[PDB]
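Participant: If you use the authors' numbering, the sequence shown corresponds to residues 1529 to 1552, 1558 to 1573, 1583 to 1638, 1646 to 1657, 1663 to 1677, 1703 to 1717, 1727 to 1759, 1779 to 1865, 1923 to 1978, 2006 to 2021, 2035 to 2056, 2068 to 2083, 2088 to 2138, in order. Think of the CB as a built atom: it goes at the ideal place given N, C-alpha and C, for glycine as much as any other residue.
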Amino acid sequence: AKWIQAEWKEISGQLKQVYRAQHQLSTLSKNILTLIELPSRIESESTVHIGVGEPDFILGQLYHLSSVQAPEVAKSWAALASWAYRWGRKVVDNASXXXXXXXXXXXXXXXXXXXXXXXXXXXXXXXXXXXXXXXXXXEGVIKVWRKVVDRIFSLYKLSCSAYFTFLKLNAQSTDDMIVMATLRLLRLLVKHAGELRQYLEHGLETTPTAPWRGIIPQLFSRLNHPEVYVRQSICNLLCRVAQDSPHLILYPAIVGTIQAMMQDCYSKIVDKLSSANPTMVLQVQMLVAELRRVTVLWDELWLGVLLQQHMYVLXXXXXXXXXXXXXXXXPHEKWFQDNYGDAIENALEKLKXXXXXXXXXXXXXXXXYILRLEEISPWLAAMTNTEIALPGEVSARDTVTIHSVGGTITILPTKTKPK
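(1) In the DSSP assignment, the alpha helix (DSSP H) including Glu1614 goes from what residue to what residue?
(2) Where does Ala1759 sit, in a helix, a strand or coil, going by DSSP?
(3) For the candidate residues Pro1824, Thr2135, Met2102 and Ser1828, whose alpha-carbon lies nearest to that of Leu1967?
(4) Evaluate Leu1955 with the Cβ neighbour count: other Cβ atoms within 10 Å of its Cβ, from every protein chain shown; 16 or more gives buried, anything less gives exposed.
(5) Using a Cβ-Cβ cut-off of 7 Å (strictly less than) and excluding sequence neighbours within five positions of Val2119, which residues of its own chain qualify?
(6) Under three-state DSSP, which class holds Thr1864?
(7) Does the beta-carbon of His1591 have 16 or more other beta-carbons within 10 angstroms, so that it is buried, or is it exposed?
(8) Would you call the segment 1610-1628 in contact with the segment 1736-1746, where contact means no fewer than 3 C-beta pairs closer than 8 Å?
(9) Going by DSSP, what residues sit across from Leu2090 in a beta bridge?
(10) With which residues is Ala2108 paired in a DSSP beta bridge?
(11) Distance, Cα to Cα, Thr1560 vs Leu1792?
(12) Taking Cβ positions, are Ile1841 and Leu1937 nearer each other than 8 Å?
(13) Kindly list the residues whose CB is nearer than 7 Å to the CB of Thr2105, restricted to its own chain and excluding five residues on each side of it in sequence; keep chain order.
(14) Pull up the distance between the alpha-carbon of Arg1838 and that of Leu1795, whole angstroms please.
(15) Is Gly2125 buried or exposed, if buried means 16 or more other CB atoms sit within 10 Å of its CB?
(16) Identify the continuous alpha helix (DSSP H) that holds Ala1549 and give its terminal residues.
(17) Please state whether DSSP places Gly1968 in a helix, a strand or coil.
(18) With DSSP as the reference, label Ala1621 as helix, strand or coil.
(19) Evaluate contact between the segment 2093-2101 and the segment 1802-1819, counting only Cβ atoms and requiring at least three cross-stretch pairs below 8 Å.
(20) Going by alpha carbons, who is nearest to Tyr1858 out of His1551, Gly2111, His2036 and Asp1635?
(21) Please determine, among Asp2046, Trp2039, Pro1613 and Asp1851, the residue with the shortest C-alpha to C-alpha distance to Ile2095.
(22) Sort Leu1558, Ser1828, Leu1830 and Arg1820 by Cα distance to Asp1851 and report the nearest one.
Okay, structure coming up:
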């Protein structure tokens, strides 16, 4: 097949002749024809002839032959799957005898032609189809429409089955192929969900969890699809992947947990993950909350607010901002409260404005670095013998648990001054 693809300019004629002879020739032509008709999830010309060229059909048939004769090699499945997907993407885009007889018998000259044209003119699609039929003709039309719609997705069905089988076999191939197959399957499940849900709904319930460990963010981002079974399937897959591999859906799911579609799924995912080790889940949640609290100290927030207020001074907005800042701020906590506890009193006295300038100057002078874990957050200190995972261990067969946290925290002397 690779050699045929290389010399596609001088091999198209032979393939066309072979195809013509099949539906009714040098040594190579007769040899390929004989190999194709070997006696033995199938390819039929009644559906692949909606845009696919005649010589292009021989390649697909050869790939199918390789997959049927060698059901253990993943390369054969990958090749057949890629060909089916590539041609399906084009036939569907370009598309958007027994049928005519069935329609005529069920609906027993220009009317028939108009009805036939409207049955596949552009095939919430049910409402549009009904409106078009009523406006054109004016029931068996629904059956014909569903049959033709399901028939057009033959290539997609074959590609889906091939990808599922290939992934199952690789439960041996480069990670690039696995990533490409997973991305293509996800795109097929999102773009065309209801058109071929009968295949994805069943395929997603038996694939392993290892091949789906590289596109987790994509799965999480696609949780708000305007569908019902799509979100449920994604949530089930994520929950299944959580088992035996919790260090991959731990931080994203917990961070997201702290429209209801973007929250309900996260709730069930975190619940399923916590059904095994609830103590670890609660500990990581508390750790995340503590980190968020220690992110920006009250001193830095107050200094920034004072600077912004002073810059925007040259009213109601200033008073509201000051009140909100004071309300948000009610070892380090007690020290700040006892060192700058007159801010509320000063603001109230000045309400009826040197207090703001004095506070800003004092904060700026006190800003000019070493911090202690006990003073910053007592929860972080004394933490030990924890089975939590490190923040980011995508490629780690033997995950390393956090033993302790450094007691000294420094700050960079940059614009944002990170910790």
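Facilitator: Concretely, from the data shown:
(1) Counting from 1 along the sequence shown, the entry for residue 1614 is found at position 72. That residue, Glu1614, is in no alpha helix (DSSP H); it is neither H nor E in DSSP.
(2) Counted from its first residue, the sequence shown places residue 1759 at position 171. Of the three classes helix, strand and coil, the one that applies to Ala1759 here is coil, per DSSP.
(3) As a position in the sequence shown, residue 1967 is number 303, starting the count at 1. Among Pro1824, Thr2135, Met2102 and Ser1828, the Cα nearest to that of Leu1967 belongs to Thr2135.
(4) Along the sequence shown, read from residue 1 onward, the residue named residue 1955 stands at position 291. Its Cβ having fewer than 16 others within 10 Å, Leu1955 is exposed.
(5) The residue you call residue 2119 lines up with position 400 of the sequence shown. The residues are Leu2109.
(6) Locating residue 1864 in the sequence shown gives position 257, where the first residue counts as 1. Correct three-state label for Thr1864: helix.
(7) Here residue 1591 corresponds to residue number 49 of the sequence shown, with the count starting at 1. Counting Cβ neighbours within 10 Å, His1591 comes out exposed, since fewer than 16 surround it.
(8) Contact between the segment 1610-1628 and the segment 1736-1746 is present, because at least three Cβ pairs lie under 8 Å.
(9) To locate residue 2090, count along the sequence shown from 1; it is residue 371. The partner list for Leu2090 (beta bridge, DSSP) reads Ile2128.
(10) Sequence index remark: in the sequence shown, residue 2108 carries index 389 (1-based). In DSSP, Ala2108 forms a bridge with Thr2120.
(11) Position 27 of the sequence shown holds residue 1560. Position 185 of the sequence shown holds residue 1792. Distance between the alpha carbons of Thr1560 and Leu1792 is about 40 Å.
(12) The residue given as residue 1841 occupies position 234 in the sequence shown. The residue given as residue 1937 occupies position 273 in the sequence shown. Contact: no.
(13) Position 386 of the sequence shown, counted from the start, is the residue given in the question as residue 2105. The answer, listed in chain order, is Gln1947, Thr2120 and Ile2121.
(14) Position 231 of the sequence shown holds residue 1838. Position 188 of the sequence shown holds residue 1795. If you draw a straight line from the Cα of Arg1838 to the Cα of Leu1795, it comes to about 14 Å.
(15) Taking the sequence shown and counting its residues from 1, the one referred to as residue 2125 is at position 406. Exposed, since its Cβ has fewer than 16 Cβ neighbours within 10 Å.
(16) Walking along the sequence shown from the start, residue 1549 turns up at place 21. Looking at the DSSP string, the run of the alpha helix (DSSP H) that includes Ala1549 is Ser1540 to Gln1550.
(17) On the sequence shown, residue 1968 is found 304 positions in, with the first residue counted as 1. The answer is helix: DSSP assigns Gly1968 an H, G or I state.
(18) Position 79 of the sequence shown holds residue 1621. Looking at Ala1621 - three-state DSSP - the assignment turns out to be helix.
(19) no
(20) On the sequence shown, residue 1858 is found 251 positions in, with the first residue counted as 1. Looking at the Cα atoms, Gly2111 is the closest of the given residues.
(21) Along the sequence shown, read from residue 1 onward, the residue named residue 2095 stands at position 376. With distances taken between Cα atoms, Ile2095 lies closest to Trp2039.
(22) The sequence position of residue 1851 within the sequence shown is 244, counting from 1. The candidate whose alpha carbon is nearest that of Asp1851 is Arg1820.
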